[PDB]
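**Student:** I'd like to ask some things about the structure below.
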Amino acid sequence: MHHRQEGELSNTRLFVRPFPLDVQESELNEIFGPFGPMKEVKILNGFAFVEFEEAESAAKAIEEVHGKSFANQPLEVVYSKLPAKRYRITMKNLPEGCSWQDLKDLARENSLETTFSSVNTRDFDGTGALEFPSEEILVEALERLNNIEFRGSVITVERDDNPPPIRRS
RNA sequence: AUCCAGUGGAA
């Protein structure tokens with residue numbers, strides 16, 4: 001959730017609400033399936049967001065699904081928040097004194113700011129990754145957040161040419 | 001009734 005909204009989406013994401021409970025990507029692929037190639041469906045507790053390759057396939061499905069049922073409940077699909085790409089980079093550090101909370105405070109106390117922070121490692125290696133709202137923060141982070149000496153450790157933030165947004169929940 | 005897109009403030 002965020003206070004900044006626009007409601008001027010690319011006409012592709014479709015927000016659903018009146019789910020049963022065990023929907024879990026088992027009937028969206030059937031209802032939204034014949035409507036278009038459907039890039040992805042992100043169902044989660046209390047709602048879902050289907051997405052299409054064309055503004056036409058999305059509008060068509062909403063026009064036909066916002067007035068029927070898949071769970072003995074009246075559906076009322078509407079347009080979702082604005083689909084958007086974001087940036088990410090690979091970072092290295094030390095297996096101590098770190099959590100995604102500290103990399104958020106670290107990044108924001110220099111000049112830049114992270115939209116998300118991670119420390120994906122099984123044995124906790126200190127290494128992780130950082131997210132950015134655009135490339136103009138990535139190309140700066142590798143010069144400002146690079147090797148600044150954090151807690152006596154060292155941040156090796158560098159661009160690995162991040163993949164597209166993570167698929168599904 | 002109704003908004004997440006790595007379902008996060010130590011998690």
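By convention here, the chains of the structure tokens are called A, B, ... in the order presented, each chain's residues are numbered starting at 1, and ligands are numbered starting at 1 in the order presented.
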Taking only C-alpha atoms (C1' of nucleotides) into account, which residues of chain A are within 7 Å of chain B, as a PyMOL selection string?
**Tutor:** chain A and resi 15+17+80-81+99+101+166
**Student:** If you keep N, CA, C and O atoms, can you produce a file of those selected residues as a PDB file, in the first residue's frame?
**Tutor:**
ATOM      1  N   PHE A  15      -7.796  -6.244 -10.942  1.00  0.00           N
ATOM      2  CA  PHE A  15      -7.905  -6.501  -9.517  1.00  0.00           C
ATOM      3  C   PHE A  15      -9.195  -7.215  -9.124  1.00  0.00           C
ATOM      4  O   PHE A  15     -10.289  -6.698  -9.353  1.00  0.00           O
ATOM      5  N   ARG A  17     -11.434  -9.556  -5.994  1.00  0.00           N
ATOM      6  CA  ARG A  17     -11.596  -9.528  -4.536  1.00  0.00           C
ATOM      7  C   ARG A  17     -12.393 -10.718  -3.982  1.00  0.00           C
ATOM      8  O   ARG A  17     -11.911 -11.367  -3.055  1.00  0.00           O
ATOM      9  N   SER A  80      -6.233  -2.351 -11.686  1.00  0.00           N
ATOM     10  CA  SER A  80      -5.304  -2.419 -10.565  1.00  0.00           C
ATOM     11  C   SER A  80      -4.394  -1.192 -10.518  1.00  0.00           C
ATOM     12  O   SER A  80      -4.476  -0.320 -11.381  1.00  0.00           O
ATOM     13  N   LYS A  81      -3.512  -1.131  -9.511  1.00  0.00           N
ATOM     14  CA  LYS A  81      -2.447  -0.131  -9.467  1.00  0.00           C
ATOM     15  C   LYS A  81      -1.523  -0.273 -10.679  1.00  0.00           C
ATOM     16  O   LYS A  81      -1.548  -1.291 -11.369  1.00  0.00           O
ATOM     17  N   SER A  99      21.007  -6.594   8.338  1.00  0.00           N
ATOM     18  CA  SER A  99      19.669  -7.063   7.998  1.00  0.00           C
ATOM     19  C   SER A  99      19.083  -6.051   7.018  1.00  0.00           C
ATOM     20  O   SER A  99      19.615  -4.950   6.900  1.00  0.00           O
ATOM     21  N   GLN A 101      16.906  -4.077   7.176  1.00  0.00           N
ATOM     22  CA  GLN A 101      16.613  -2.825   7.859  1.00  0.00           C
ATOM     23  C   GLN A 101      17.838  -1.912   7.870  1.00  0.00           C
ATOM     24  O   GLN A 101      17.712  -0.704   7.679  1.00  0.00           O
ATOM     25  N   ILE A 166       9.758 -10.314 -10.168  1.00  0.00           N
ATOM     26  CA  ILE A 166       9.615 -11.695  -9.727  1.00  0.00           C
ATOM     27  C   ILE A 166       8.221 -12.204 -10.084  1.00  0.00           C
ATOM     28  O   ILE A 166       7.226 -11.504  -9.893  1.00  0.00           O
TER      29      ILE A 166
END
**Student:** What's around residue 102 (chain A) at 12 Å? Count only C-alpha atoms (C1' of nucleotides), leave out sequence neighbours fewer than 3 positions away in its own chain, and write the answer as a PyMOL selection string.
**Tutor:** (chain A and resi 96-99+105-109+114+116-119+126+128+130+150-151) or (chain B and resi 9-10)
**Student:** What's the 12 Å shell around residue 42 (chain A), counting only C-alpha atoms (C1' of nucleotides), without same-chain residues fewer than 2 positions away, as a ChimeraX atom specification?
**Tutor:** /A:13-16,23-26,28-29,38-40,44-52,80,166-169 /B:3-5,7
**Student:** Those selected residues, please, written with C-alpha atoms (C1' of nucleotides) and delivered as a PDB file, in the first residue's frame.
**Tutor:**
ATOM      1  CA  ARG A  13      -3.671  -5.578 -14.616  1.00  0.00           C
ATOM      2  CA  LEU A  14      -7.084  -6.620 -13.237  1.00  0.00           C
ATOM      3  CA  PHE A  15      -7.905  -6.501  -9.517  1.00  0.00           C
ATOM      4  CA  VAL A  16     -10.205  -9.208  -8.093  1.00  0.00           C
ATOM      5  CA  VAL A  23      -8.399 -20.445  -5.563  1.00  0.00           C
ATOM      6  CA  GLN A  24      -4.554 -20.506  -5.580  1.00  0.00           C
ATOM      7  CA  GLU A  25      -4.071 -20.136  -9.359  1.00  0.00           C
ATOM      8  CA  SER A  26      -6.440 -22.960 -10.367  1.00  0.00           C
ATOM      9  CA  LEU A  28      -7.915 -17.768 -13.070  1.00  0.00           C
ATOM     10  CA  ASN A  29      -6.015 -19.652 -15.791  1.00  0.00           C
ATOM     11  CA  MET A  38      -2.298 -13.687 -19.785  1.00  0.00           C
ATOM     12  CA  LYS A  39       1.321 -12.856 -18.868  1.00  0.00           C
ATOM     13  CA  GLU A  40       0.795 -13.712 -15.191  1.00  0.00           C
ATOM     14  CA  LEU A  44      -2.831 -13.810  -2.636  1.00  0.00           C
ATOM     15  CA  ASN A  45      -4.776 -13.635   0.638  1.00  0.00           C
ATOM     16  CA  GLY A  46      -8.029 -11.750  -0.050  1.00  0.00           C
ATOM     17  CA  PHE A  47      -7.463 -10.754  -3.709  1.00  0.00           C
ATOM     18  CA  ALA A  48      -5.641 -11.289  -7.020  1.00  0.00           C
ATOM     19  CA  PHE A  49      -4.128  -9.435  -9.967  1.00  0.00           C
ATOM     20  CA  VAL A  50      -4.197 -10.941 -13.480  1.00  0.00           C
ATOM     21  CA  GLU A  51      -2.146  -9.296 -16.264  1.00  0.00           C
ATOM     22  CA  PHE A  52      -2.317  -9.373 -20.094  1.00  0.00           C
ATOM     23  CA  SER A  80      -5.304  -2.419 -10.565  1.00  0.00           C
ATOM     24  CA  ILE A 166       9.615 -11.695  -9.727  1.00  0.00           C
ATOM     25  CA  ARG A 167       6.905 -14.021 -11.065  1.00  0.00           C
ATOM     26  CA  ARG A 168       3.948 -15.004  -8.825  1.00  0.00           C
ATOM     27  CA  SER A 169       3.725 -14.786  -5.017  1.00  0.00           C
TER      28      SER A 169
ATOM     29  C1'   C B   3      -4.902  -3.231  -4.472  1.00  0.00           C
ATOM     30  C1'   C B   4       0.351  -6.468  -4.882  1.00  0.00           C
ATOM     31  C1'   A B   5       3.019  -6.801  -7.290  1.00  0.00           C
ATOM     32  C1'   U B   7       2.844 -10.274   0.782  1.00  0.00           C
TER      33        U B   7
END
